[PDB]
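Here is the structure we will look at.
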Amino acid sequence: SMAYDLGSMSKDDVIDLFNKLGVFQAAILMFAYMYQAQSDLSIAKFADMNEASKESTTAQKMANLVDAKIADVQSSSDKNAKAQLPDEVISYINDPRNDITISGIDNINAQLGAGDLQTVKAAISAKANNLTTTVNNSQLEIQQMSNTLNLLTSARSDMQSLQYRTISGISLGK
Amino acid sequence: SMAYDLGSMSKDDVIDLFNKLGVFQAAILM
Amino acid sequence: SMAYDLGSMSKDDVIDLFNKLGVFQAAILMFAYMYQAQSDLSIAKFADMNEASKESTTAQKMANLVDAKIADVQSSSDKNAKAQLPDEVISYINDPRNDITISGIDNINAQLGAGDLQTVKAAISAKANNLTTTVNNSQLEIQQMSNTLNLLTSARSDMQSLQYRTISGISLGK
Amino acid sequence: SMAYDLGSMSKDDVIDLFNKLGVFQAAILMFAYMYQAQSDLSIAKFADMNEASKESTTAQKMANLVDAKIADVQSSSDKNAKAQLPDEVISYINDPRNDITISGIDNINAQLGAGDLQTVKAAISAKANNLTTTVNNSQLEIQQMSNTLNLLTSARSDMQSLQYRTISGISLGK
Amino acid sequence: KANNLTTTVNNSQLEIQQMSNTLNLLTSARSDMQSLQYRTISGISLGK
Amino acid sequence: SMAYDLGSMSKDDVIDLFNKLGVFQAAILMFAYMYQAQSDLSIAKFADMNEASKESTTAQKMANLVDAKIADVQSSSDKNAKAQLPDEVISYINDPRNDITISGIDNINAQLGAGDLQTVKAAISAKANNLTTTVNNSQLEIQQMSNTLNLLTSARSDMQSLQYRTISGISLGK
């Protein structure tokens with residue numbers, strides 16, 4: 001995102017680089033690279049919480065499909081065992097990366113009642129309730145990331161204002 | 001009726017599960 | 001779970017480590033390690049109570065299988081001695097880690113009536129009633145674990161806010 | 001950690017030293033040495049609490065080894081007296097600097113049952129519960145250390161800004 | 001171990017204070033010297 | 001436990017000491033010494049109740065040794081007069097600081113039956129029942145000690161916060 005990739009250069013090359021630049025712009029690169037490192041940490045943290053919110057929204061969508069299915073087997077004039085999950089919910093449960101053990105009953109797709117479909121809806125919409133484990137776990141870190149990242153923007157800036165005011169005092173030909 | 005089916009997981013899996021969650025929500029699941 | 005593994009370093013190495021860091025982040029590591037130790041104690045306590053609830057649910061499942069078996073020898077037109085426990089309940093009783101002495105009668109699997117199967121159901125579903133011995137034994141400890149763990153989160157945080165406000169007061173080039 | 005070791009120089013040498021320096025940098029050395037003294041006090045305090053957390057984590061590790069040992073003598077088909085502590089736990093108890101009187105029973109290593117091994121596990125994991133005696137004892141001190149140490153950083157800094165602004169007002173050749 | 005950008009901001013803010021102040025305070029003093037050196041020699045008129 | 005030993009200094013020396021310190025830290029020493037005096041009273045009270053619990057546990061141990069001895073003269077095929085107390089119980093009764101008049105019978109150690117050994121067991125385990133005389137006598141005192149000691153911690157602390165906030169308002173060179 002910047003000109004010089006200080007992530008590979010050794011120390012005796014970083015020093016010669018900073019000597020090629022000034023003394024104020026060595027400070028500005030040092031602060032800009034520290035800001036990039038801190039922002040990368042914080043953003044890689046923020047993408048571990050969108051995982052939780054993505055799981056919650058997909059689970060809620062599946063639970064709402066199962067509710068839409070129940071709202072036609074509850075209004076069924078016959079005995080309330082003529083029902084199947086919509087074809088996308090089956091692929092939701094059968095997928096391995098969810099650990100969504102629900103029924104303990106044989107042969108999904110044929111067929112689960114209307115009073116045992118409530119168990120499926122409850123076991124799907126119980127894994128949607130995971131937005132407090134990611135607020136309890138991530139409030140003393142965002143504390144420090146947010147404080148440091150501001151504390152470093154406002155230090156990079158001080159350096160830029162000083163760099164301007166130092167060179168403004170040189171008058172040519174006077 | 002809940003998310004995690006602690007009726008099958010062994011002890012060394014329940015402990016790792018509770019470590020994945022917090023300390024207060026381990027108590028709430030228990 | 002953290003960067004520095006203070007569990008092995010001696011005291012004269014911990015002091016030099018804390019000197020390498022600041023004075024505020026020495027406090028933050030000390031509080032973070034104390035929080036890890038307290039949370040490990042409390043969670044290792046919470047996994048000794050899921051043992052009790054796991055035992056209760058397995059015992060209830062076995063008792064319900066025995067009830068399902070009785071509900072067919074009670075409706076039996078003949079004399080009510082044609083019954084066997086389902087093959088999983090036999091392995092439940094015969095397993096050594098349960099201490100589930102039940103009948104005092106010979107040759108399970110062939111065969112126990114329908115009025116002495118009530119004894120098996122009662123002796124299985126009497127070991128499912130163990131959720132008060134683990135509430136009487138564990139209420140003056142969760143008291144202190146819950147108080148301390150909060151009292152230490154809210155002390156780690158105070159340290160972080162002070163660390164931020166101390167460095168915000170340094171103005172560069174002014 | 002600094003240039004001048006004011007810890008040995010007498011008063012009539014400190015005064016001559018401060019006269020060799022300026023009036024503002026005498027203040028900066030005085031505040032820097034006061035900051036070092038305060039940080040040394042606070043860090044030597046913070047390394048008396050990692051002792052408590054280190055003891056807690058080692059005790060918890062030993063208790064977990066004893067639990068791993070019980071989980072094989074509880075599942076033992078025979079009578080539950082075939083068990084020995086793992087060789088590291090013996091050296092944990094037998095070490096003198098722990099005061100870990102546990103059993104009151106003869107001849108550890110041969111051999112302690114499986115229902116009296118619970119006493120060993122309880123007496124080991126009862127000395128792991130020592131993170132509240134070091135929070136009750138050390139909260140009105142960290143109060144003052146944290147307040148003073150900030151109050152002194154922010155006073156050293158004021159001195160540096162004034163030192164800058166005083167010399168900026170001297171214009172050469174005008 | 002990637003979370004170590006605050007131990008190097010807590011440790012290095014009262015030093016950059018003084019380095020940044022002095023380094024400016026010395027550029028702007030070197031310059032004053034150069035302007036005076038110019039204006040001193042400009043006042044010598046040859047052959048007048 | 002603190003720097004200045006105000007327990008010996010007269011009043012006209014305490015006043016000069018407090019003048020050497022500030023006005024806020026005179027208050028902090030006064031509250032810290034009052035806290036030490038109150039904690040010493042309360043702890044010297046708490047060690048007069050461990051005396052009662054120590055007596056109860058030793059008496060219970062002796063009574064259990066006498067029960068272990070009876071459990072072999074009750075199972076004796078002969079007449080139930082072949083029994084002696086174990087050598088530690090004799091030294092328990094014969095010690096003067098217990099007032100444990102038990103039998104009123106001649107020549108202990110040779111020998112007391114098995115139906116008059118019940119008298120010894122009862123007279124030993126009747127002096128173990130002394131944990132209510134030390135709860136009736138010590139509940140309106142712990143009331144006041146616990147209230148005052150908190151009421152004084154939370155007053156020492158208020159002083160420390162004010163001491164911090166008073167000096168934070170002095171800006172150098174502005």
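Throughout, read-outs are computed from the coordinates displayed, never taken from laboratory work. Note: ideal-geometry Cβ built from the backbone for every residue, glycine included; neighbour counts use all protein chains shown.
Among the residues of region F:83-109, the ones that are more than 30 Å from the chain's Cα centre (by Cα) and not small (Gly, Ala, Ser) come to 7 in all. Looking across chain B, the residues that are acidic (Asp, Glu) and outside any loop (DSSP other than H, G, I, E, B) come down to B:12, B:13, B:16. As a summary of the residue check, residue D:77 satisfies the conditions (1) surrounded by fewer than 18 Cβ atoms within 10 Å (Cβ to Cβ); (2) within 9 Å of another protein chain (Cβ to nearest Cβ); (3) part of a helix (DSSP H, G or I); (4) not aromatic (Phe, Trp, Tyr) except for the one numbered (3). Only one of the listed residues (F:39, F:56) is closer than 30 Å to residue F:116 by Cβ and in a helix (DSSP H, G or I). That residue is F:56. Checking each residue in region C:143-161 for being farther than 15 Å from residue C:32 by Cβ and at the interface with chain A (Cβ under 8 Å from one of its Cβ atoms) picks out only C:161. Looking at this structure, is residue D:147 more than 17 Å from the chain's Cα centre (by Cα) and not in a loop (DSSP other than H, G, I, E, B)? It is true that residue D:147 is more than 17 Å from the chain's Cα centre (by Cα) and not in a loop (DSSP other than H, G, I, E, B).
Residue-wise test of (1) at the interface with chain F (Cβ under 10 Å from one of its Cβ atoms); (2) assigned to a helix (DSSP H, G or I); (3) farther than 16 Å from residue D:28 by Cα; (4) out of contact with any helix residue (DSSP H, G or I) (no Cβ under 6 Å at 6 or more places or on another chain).
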position	(1), (2), (3), (4)
D:130	no, no, yes, no
D:134	no, yes, yes, no
D:163	yes, yes, no, no
D:166	yes, yes, no, yes
D:172	no, no, yes, no
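Residues of region F:110-137 that are within 27 Å of the chain's Cα centre (by Cα), under 28 Å from residue F:74 (Cβ atoms), surrounded by 12 or more Cβ atoms within 10 Å (Cβ to Cβ) and not small (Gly, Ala, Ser): F:121, F:124, F:127. Kindly evaluate residue F:93 against the criterion of being within 14 Å of chain D (Cβ to nearest Cβ) and without any contact (Cβ under 8 Å) to a residue 40 or more places away in the chain. When the stated conditions are applied, residue F:93 does not pass them. Against the conditions (1) touching a residue at least 40 places away in the same chain (Cβ under 8 Å); (2) within 14 Å of chain F (Cβ to nearest Cβ); (3) over 30 Å from residue F:157 (Cα atoms); (4) not aliphatic (A, V, I, L, M), residue D:113 satisfies every one except (2). Note down all Cβ pairs under 8 Å where the first residue falls in region B:7-23 and is farther than 16 Å from residue A:132 by Cβ, the second is among the aliphatic types (A, V, I, L, M) and in a helix (DSSP H, G or I), and they're at least six residues apart or on different chains. Within 8 Å, the pairs are B:9/B:17; B:15/C:43; B:15/C:44; B:19/C:43. Residues in region E:13-22: is at least one surrounded by 15 or more Cβ atoms within 10 Å (Cβ to Cβ), β-branched (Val, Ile, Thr) and either under 11 Å from the mean Cα position of the chain (by Cα) or at the interface with another protein chain (Cβ under 7 Å from one of its Cβ atoms) (or both)? Yes, region E:13-22 contains a residue that is surrounded by 15 or more Cβ atoms within 10 Å (Cβ to Cβ), β-branched (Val, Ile, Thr) and either under 11 Å from the mean Cα position of the chain (by Cα) or at the interface with another protein chain (Cβ under 7 Å from one of its Cβ atoms) (or both).
The requirement of being in contact with an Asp or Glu (Cβ under 8 Å, 6 or more places away or on another chain), farther than 24 Å from residue F:50 by Cα and not small (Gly, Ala, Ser) is fulfilled nowhere in region F:80-87; no residue meets it. I'm checking my understanding of the structure. Among residues of region C:31-52 that are at the interface with another protein chain (Cβ under 7 Å from one of its Cβ atoms) and in contact (Cβ under 8 Å) with a residue 12 or more places away in the chain, which one is nearest to residue C:120 (Cα to Cα)? Once the filter is applied, the top-ranked residue is C:49.
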